[PDB]
Amino acid sequence: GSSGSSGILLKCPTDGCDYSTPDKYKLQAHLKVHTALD
Ligand SMILES: [Zn+2]
């Protein structure tokens, strides 16, 4: 399981969402912006 580039823009999985960041952690947090409700 090679990686090569070892770093690419992660496009949010959420359908429609156009959020992408070179950071993995940051993304994980963003994925919460959708499933976030009081
Ligand atoms: Zn998103």
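Residues numbered from 1 in each chain as written, not as in the entry; some residues may be left out. Heavy atoms only, no water.

What the entry reports as its method is solution NMR.

**Some thoughts on the coordination of the zinc ion**
Reference values for coordination geometry: four tetrahedral donors around a metal ideally subtend 109.5 degrees, six octahedral donors ideally subtend 90 or 180 degrees. Here the zinc ion is held by the protein donor atoms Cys-12 (SG), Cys-17 (SG), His-30 (NE2) and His-34 (NE2), which lie 1.9 to 2.4 Å from it. Around the zinc ion, the four donor atoms sit at angles spanning 103 to 114°, and that spread fits a shape best called tetrahedral. In primary-sequence terms, the residues that donate to the zinc ion follow C-x4-C-x12-H-x3-H. Taken together, the residues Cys-12 in the loop between strand 1 (10-11) and strand 2 (20-21) and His-34 in helix 1 (residues 24-34) connect sequence positions 22 residues apart. A relative accessible area of 7% means that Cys-12 is categorised as buried. (Donors = N, O, S within 2.8 Å, 3.2 Å for Na, K, Ca; no water. Tetrahedral: all angles 85-135°; square planar, octahedral: opposite > 155°, others 65-115°. Helix = DSSP H or I, 4+ residues; strand = E, 2+ residues; numbered from the N terminus. Buried < 20%, exposed > 50% of the residue type's maximum accessible area, 1.4 Å probe, protein only.)

**What about the side chain of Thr-21?**
Here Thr-21 shows up in strand 2. Judged by its relative accessible area of 10%, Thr-21 is buried. Sequence-distant contacts of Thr-21, that is, excluding residues within four places in its chain, are made with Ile-8, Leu-9, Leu-10, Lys-26 and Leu-27. (Contact = heavy atoms within 4.5 Å.)

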